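Have a look at the structure below before the remarks.
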Ligand SMILES: *[C@@H]1O[C@H](CO)[C@@H](O[C@@H]2O[C@H](CO)[C@@H](O)[C@H](O)[C@H]2NC(C)=O)[C@H](O)[C@H]1NC(C)=O
Ligand SMILES: *[C@@H]1O[C@H](CO)[C@@H](O[C@@H]2O[C@H](CO)[C@@H](O)[C@H](O)[C@H]2NC(C)=O)[C@H](O)[C@H]1NC(C)=O
Ligand SMILES: *[C@@H]1O[C@H](CO)[C@@H](O[C@@H]2O[C@H](CO)[C@@H](O)[C@H](O)[C@H]2NC(C)=O)[C@H](O)[C@H]1NC(C)=O
Ligand SMILES: *[C@@H]1O[C@H](CO)[C@@H](O[C@@H]2O[C@H](CO)[C@@H](O)[C@H](O)[C@H]2NC(C)=O)[C@H](O)[C@H]1NC(C)=O
Ligand SMILES: *[C@@H]1O[C@H](CO)[C@@H](O)[C@H](O)[C@H]1NC(C)=O
Ligand SMILES: [Cu+2]
Ligand SMILES: [Cu+2]
Ligand SMILES: [Cu+2]
Ligand SMILES: [Cu+2]
Ligand SMILES: [Cu+2]
Ligand SMILES: [Cu+2]
Ligand SMILES: [Cu+2]
Ligand SMILES: [Cu+2]
Ligand SMILES: [Cu+2]
Ligand SMILES: [Cu+2]
Ligand SMILES: [Cu+2]
Ligand SMILES: [Cu+2]
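Protein chains in written order, with the authors' numbering: chain C, 1 to 495; chain B, 1 to 495; chain A, 1 to 495.
Written out as structure tokens, the structure is:
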């Protein structure tokens with residue numbers, strides 16, 4: 001079901017049993033996954049978030065991030081607690097009001113307070129484009145062509161465990177899927193197609209942790225979008241999708257009418273598809289309603305490799321075509337030891353005053369911002385290159401940057417850089433020990449933008465810092481509403 | 001489950017997944033459908049409604065209607081919000097204390113606040129008859145023979161629609177069914193029978209909108225009751241049942257021990273029975289526990305027609321064996337334009353003071369009453385006749401009158417009136433353009449009686465007017481308890 | 001999932017549908033059953049119970065008992081409402097803080113307010129012994145090898161009438177099972193085993209009422225533990241387990257790879273296994289994922305007889321070898337009349353002031369303690385014998401004593417006493433008219449200890465007395481935290 005772009009979104013607690021095991025959840029709009037929030041390019045989004053949360057086992061405060069949306073001019077609507085706002089307290093509401101100029105594709109929203117999105121607050125977010133360059137490549141693009149991949153846990157997020165060393169208890173495709181241990185025969189999701197039709201499947205990883213090896217028996221997948229970035233057509237028979245990433249692929253339903261297994265194997269937890277775990281069903285209209293009996297290819301032949309991807313626009317790459325050919329050029333020491341993650345020797349722990357507020361309240365630099373050693377300023381209007389060399393356990397770590405997308409100049413498991421036509425995206429696997437995954441972008445977006453591993457467990461163990469982009473232009477660039485001013489006083493009073 | 005006639009009924013929010021899709025709901029008695037409320041003819045019903053609702057997305061006020069109960073002398077207990085009461089606000093309770101003289105059969109209860117009953121607050125209501133004139137036509141008449149047909153939506157009622165055609169997402173029979181799009185193989189309701197026994201099936205439409213074509217593969221159905229009214233035995237192989245109607249039929253379990261599909265095909269929403277949508281299972285004790293493999297008749301051969309129904313008692317018709325032959329005969333103009341329905345040029349919008357309250361406060365005439373043009377007065381001890389010509393989009397509209405049942409002198413799709421032995425009921429389909437459905441009853445029940453289309457979407461869009469019957473005797477006829485008197489000040493103060 | 005020995009435990013309302021019928025529940029830790037609370041022998045348990053209950057229909061107060069934990073020194077933490085504490089009110093927490101010296105084995109926890117544990121608040125409690133003498137008898141002992149058996153009702157406990165014979169609507173094994181009437185094909189629990197491994201299976205009855213005949217097609221069970229007491233190895237092929245009892249049994253997975261039914265026939269409610277009621281699935285790794293087609297042995301040849309159990313340690317028996325061979329020997333007259341149970345002519349009805357507070361406020365004798373005639377004082381360091389002659393309306397009644405385990409000197413259906421080597425346990429069936437089931441313990445545990453039938457409906461109808469053990473020393477032995485003292489003032493104020 002789709003909303004808005006002008007919509008109420010209630011946040012409530014409910015018990016759900018997607019794999020047959022009832023446990024409490026945090027829900028956005030009352031469903032798991034949450035409803036699809038949607039509009040067109042350049043629509044004004046006004047999302048009135050009513051916090052009705054009562055079950056403190058999962059926190060009764062909340063804060064919501066719109067994942068992949070630049071929020072230029074509206075950094076205050078971005079969502080990461082203590083980076084851009086204080087949480088909303090229960091009984092209160094907050095209008096997240098923002099535009100999406102110049103963006104279209106497949107995104108998602110989620111809780112961005114501690115590990116709460118694991119406990120259920122996550123759903124798809126799609127910016128349709130009436131003049132979408134890829135539109136003529138399929139027949140159907142609607143709510144029935146969104147595929148969500150979710151890790152699901154029998155253990156309350158607040159009670160793990162971290163880090164960790166945390167594993168899921170099932171994979172849910174479109175909110176349904178079977179339990180890894182003592183698999184009960186619970187309902188599986190169905191995705192229906194009609195012969196001769198072509199489908200823009202919008203694959204959204206709403207994972208708190210694992211990446212999935214995603215494949216559809218008997219069928220190929222032509223990638224056309226990645227993390228909201230339109231791509232040159234690339235046909236693959238399997239896609240490894242890391243936490244928070246999105247792909248749009250054309251499914252051409254050109255196989256005999258019948259039932260085929262939809263497959264999503266995660267890097268951790270249950271291995272295989274016994275009992276129908278890690279599965280959903282692709283069904284042709286007119287097929288017998290039964291489980292598929294198909295098998296995967298013995299060896300997948302055109303597996304997705306990130307260096308095979310290039311933008312549909314001529315995006316090029318900002319800066320100079322050599323290792324470090326950028327203005328401000330960073331290289332981060334990403335580490336782990338004693339149950340905590342570090343970036344440049346510092347584990348992230350949220351400040352009492354949201355970075356955005358510190359800035360709004362007079363901070364000029366840089367050295368003025370809390371937490372010390374967890375904020376890096378970026379000069380206005382500048383090529384930034386970030387190297388994120390791998391090694392820290394574990395891994396592989398999908399890094400994400402708020403308020404931007406970035407050219408992926410060097411991907412995982414391949415030391416050959418690309419300064420011509422690399423894919424731009426917003427979340428990237430930093431690969432394995434030895435790798436030197438590197439990104440470039442331009443600072444056209446004043447404000448504090450979170451940079452973190454997107455494995456939520458590791459974010460909670462402090463794998464993060466803040467790019468405080470153009471500090472001095474941060475207040476003129478982001479006027480805040482009164483209601484945002486009211487957040488931190490309400491929250492501090494409440495706690 | 002059965003209660004009362006004396007009972008508590010708590011109204012709460014819960015998420016439920018009747019077709020495998022979790023969403024929020026508004027439940028009476030904590031279950032979907034609500035528990036069966038039951039007692040004997042003549043019983044005093046005492047039903048303490050506790051409002052414990054908190055999810056504002058479906059409204060936290062409520063008001064409950066006991067559909068088909070005449071409510072003589074207890075007009076204040078009727079339930080339609082702003083006609084007979086202000087809603088009960090959350091944290092409060094209200095005793096609906098009323099009696100059922102001279103009524104016995106199959107009824108239901110529902111929220112009668114906005115479209116709240118679509119969100120879950122619907123349940124069967126049954127008045128048993130220790131001397132039921134049909135008791136010897138069956139062996140078993142209990143909670144396991146009640147069959148509810150319900151439309152079910154993935155979109156919250158307050159976010160429809162509207163109007164705006166609106167369509168359901170699954171059919172639920174006894175609270176379970178499978179979704180119309182990307183149907184997941186979720187559990188289906190089973191009804192059990194034993195060879196040689198006869199069952200009073202109490203078929204209840206708790207629908208917000210669609211009518212159903214109901215059938216059981218391999219079985220005939222002998223109708224013995226219509227909307228509370230005992231009928232002569234009419235055997236049919238299909239029953240088209242409109243929103244809010246009820247039928248008791250005898251099922252004779254005379255077939256070979258096995259599994260038989262129960263079928264209920266809505267007039268809008270998913271068509272057919274693929275993957276077991278629009279279906280439940282009739283099982284003989286001793287059958288292999290397996291899905292049925294039966295098929296419906298190619299052509300139904302004794303489909304129910306309303307003119308073939310006749311009261312079991314000689315009821316006759318009030319007034320004159322010709323058209324317009326009543327003390328006080330009305331012909332309503334029923335229209336639709338600009339997303340609203342109108343009755344005699346006026347679209348119903350709820351008053352601020354409930355109609356019963358304005359009467360109790362001095363009001364004397366329809367001119368005196370709010371809403372303006374939305375009230376028609378009726379003189380006491382008269383034969384009313386109401387012609388309800390069809391044609392308004394989008395039929396067919398099931399029109400319902402509170403506080404009464406009526407003789408249907410002219411039915412759908414047939415211009416031949418019947419002033420002899422027409423069936424009496426309380427909810428009648430007005431058919432299609434050209435039809436002139438007409439009803440007669442007698443004014444022996446002072447108070448404000450709602451008259452509306454029972455498609456809830458159409459009622460919220462204005463398809464109603466109020467018959468204020470015997471205004472002058474209303475106050476003395478219906479003494480009100482203090483708790484009713486408190487409802488409006490409490491409600492007004494809350495809002 | 002496992003939590004503890006130090007943990008939060010939130011008590012919330014949630015609708016659940018374990019047999020496909022949605023209804024309201026009172027949940028501990030958000031699941032049904034509750035999470036397993038675990039620790040090692042000698043550990044300090046600190047369970048913070050957050051009462052977040054809102055649904056009045058099942059009571060918003062609550063109070064938890066740790067069934068079979070002796071609570072020596074901590075009688076205030078025991079949990080029975082109005083015996084050792086007042087209920088925690090909604091919105092408050094309370095810290096159950098206690099140790100388990102000397103004890104190991106399989107226990108459980110539940111609401112001990114009114115009939116609330118029926119409504120969901122139940123879960124297993126395991127004390128692991130790192131030097132368990134039974135360790136070498138098996139390979140696998142963990143959360144996957146706990147098996148709960150639970151009766152489940154469609155009727156909310158508070159509405160059960162009462163008593164009034166009462167019957168469940170399904171049997172749930174590990175929280176899943178099928179309804180007895182109009183059985184829907186809803187998911188069944190699976191217990192997975194690997195060819196050639198031995199399992200410590202922890203069978204726990206969390207029943208409100210029925211006793212189960214428990215068995216596993218094709219397999220033996222070697223009993224090694226009974227209600228916490230290590231036992232000599234006893235191979236049986238069926239186990240009658242009465243409400244609140246526990247057994248650990250070794251299952252040798254020695255049959256061919258396949259699916260085998262696990263059976264739990266309740267002594268009332270649905271009879272047999274038609275459609276998979278009273279059923280769960282034993283699945284071997286490698287078996288096809290399908291319903292077992294196994295059959296129970298026609299006659300079970302080595303079913304559990306309680307007189308066959310002997311302690312593993314040399315517990316022997318206190319006192320002297322003949323009836324009355326104790327310091328303080330009691331014979332309780334157990335009756336039922338007009339819907340209430342009596343113990344020595346008195347029917348238990350909860351006092352306004354909790355028994356332990358009565359003592360703490362300076363009561364010195366049973367005569368001084370309310371309710372009048374519902375208290376029997378015991379002297380310290382004395383051998384107690386309690387005869388519990390059956391005959392009272394159904395029956396068979398499982399009696400349980402708080403703060404103690406006890407030698408079962410005489411078992412049901414067998415009039416021979418055993419004063420050498422009988423099993424010790426904490427819940428015991430008193431059998432049938434004519435029986436004289438007899439227990440013995442020593443009084444080394446100052447405090448008021450509940451003795452009641454563990455059929456909860458029978459407890460609410462009054463089948464209980466309090467053993468006020470060493471009243472003089474009770475206050476000194478049981479120092480209370482301010483929080484406990486805060487309980488009654490809150491409760492009484494709220495009500
Ligand atoms: C049209 O409605 C009329 C009005 O009731 C129905 O008329 C009855 O039909 C049967 C046919 O023998 C007769 O027994 C009666 O004489 C008719 N009743 C009266 C009161 O005249 C007729 O059934 C309907 N037509 C159709 C085609 O269903
Ligand atoms: C439907 O039937 C009603 C009868 O109650 C008709 O009523 C009258 O019909 C005469 C025509 O002979 C006209 O004077 C009016 O149009 C009607 N008014 C009254 C008060 O009788 C009505 O005409 C019929 N209408 C339709 C739409 O079929
Ligand atoms: C069961 O056992 C008890 C004793 O353990 C029996 O109680 C005896 O009862 C008789 C008559 O009631 C008294 O004279 C004795 O004093 C009791 N003996 C003792 C030692 O107290 C009781 O009768 C038995 N009940 C049965 C068999 O129903
Ligand atoms: C009834 O109870 C008695 C008491 O335990 C059981 O008698 C024991 O029987 C075993 C072997 O049959 C002997 O080793 C013991 O000497 C008996 N013990 C005592 C203490 O007498 C008896 O077996 C039980 N009856 C049944 C049918 O099981
Ligand atoms: C990664 O590449 C960067 C280029 O900016 C280089 O400075 C650094 O030494 C490299 N580290 C590793 C581990 O390759
Ligand atoms: Cu994100
Ligand atoms: Cu983001
Ligand atoms: Cu990481
Ligand atoms: Cu983030
Ligand atoms: Cu109605
Ligand atoms: Cu009505
Ligand atoms: Cu209508
Ligand atoms: Cu109405
Ligand atoms: Cu207990
Ligand atoms: Cu106990
Ligand atoms: Cu009992
Ligand atoms: Cu107890």
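Every residue gets a Cβ at the ideal spot worked out from N, C-alpha and C, and that includes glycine.
- At a cut-off of 7 Å between beta carbons, residue 26 of chain C makes no contact with chain B.
- Annotation: residue 328 of chain A is outside any alpha helix (DSSP H); the continuous beta strand (DSSP E) that includes it extends over 328 to 331.
- Remark: C-beta atoms of residue 449 of chain A and residue 315 of chain A do not approach each other more closely than 7 Å.
- DSSP places residue 167 of chain C in no beta strand (DSSP E); its state is neither H nor E.
- Boundaries of the beta strand (DSSP E) harbouring residue 28 of chain A: 23 to 28, taken from the DSSP string.
- Against chain A, the CB of residue 394 of chain C has no partner CB under 7 Å away; the residue lies outside that interface.
- Within a 10 Å sphere around the beta-carbon of residue 346 of chain C sit 16 or more other beta-carbons, which makes this residue buried.
- Residue-level contact by beta carbon fails for residue 10 of chain A and chain B, as no gap is shorter than 7 Å.
- One alpha carbon belongs to residue 175 of chain B, the other to residue 22 of chain A, and they sit about 9 Å apart.
- Three or more beta-carbon pairs drawn from the segment 239 to 253 of chain B and the segment 197 to 210 of chain B are found closer than 8 Å, and the two stretches are therefore classed as touching.
- When the five nearest sequence neighbours on each side are left out, the beta carbons in the same chain lying within less than 8 Å of the beta carbon of residue 114 of chain A are those of 59, 81, 157, 158, 460, in order along the chain.
- Looking at the DSSP output, residue 222 of chain B sits in a beta bridge with B:235, B:250.
- By the neighbour-count definition (other C-beta atoms within 10 Å, threshold 16), residue 490 of chain C is a buried residue.
- Look at the segment 46 to 74 of chain C and you find these whole runs of beta strand (DSSP E), each 3 residues long or longer: 64 to 67.
- Using a Cβ distance threshold of 7 Å, residue 55 of chain B and residue 1 of chain C do not count as a contacting pair.
- Under the three-state reduction of DSSP, residue 385 of chain A is assigned to strand.
- Residue 54 of chain A reaches chain B at 52, counting residues in chain order whose Cβ is nearer than 7 Å.
- Annotation: Cβ neighbours of residue 154 of chain B in chain C (cutoff 7 Å, chain order): 1.
- Inclusion of residue 324 of chain A in the 6 Å shell around ligand 3 follows from its C-beta lying nearer than that to a non-hydrogen atom of the ligand.
- C-alpha of residue 331 of chain A to C-alpha of residue 349 of chain A: approximately 21 Å in a straight line.
- At least one CB atom of chain C sits nearer than 7 Å to the CB of residue 15 of chain B.
- For residue 182 of chain C, the closest Cβ of chain A is nearer than 7 Å.
- Ranked by how close their Cα comes to the Cα of residue 444 of chain A, the residues A:206, A:383, A:493, A:326 have A:383 in first place.
- Not a single heavy atom of ligand 3 lies less than 6 Å from the C-beta of residue 396 of chain A.
- Residue 291 of chain A and residue 210 of chain C have their C-alpha atoms roughly 32 Å apart.
- Non-local beta-carbon contacts of residue 440 of chain A in its own chain, meaning distances under 8 Å to residues more than five positions away in sequence, involve 317, 318, 319, 326, 383, 384, 385, 386, 406, 407, 409 in chain order.
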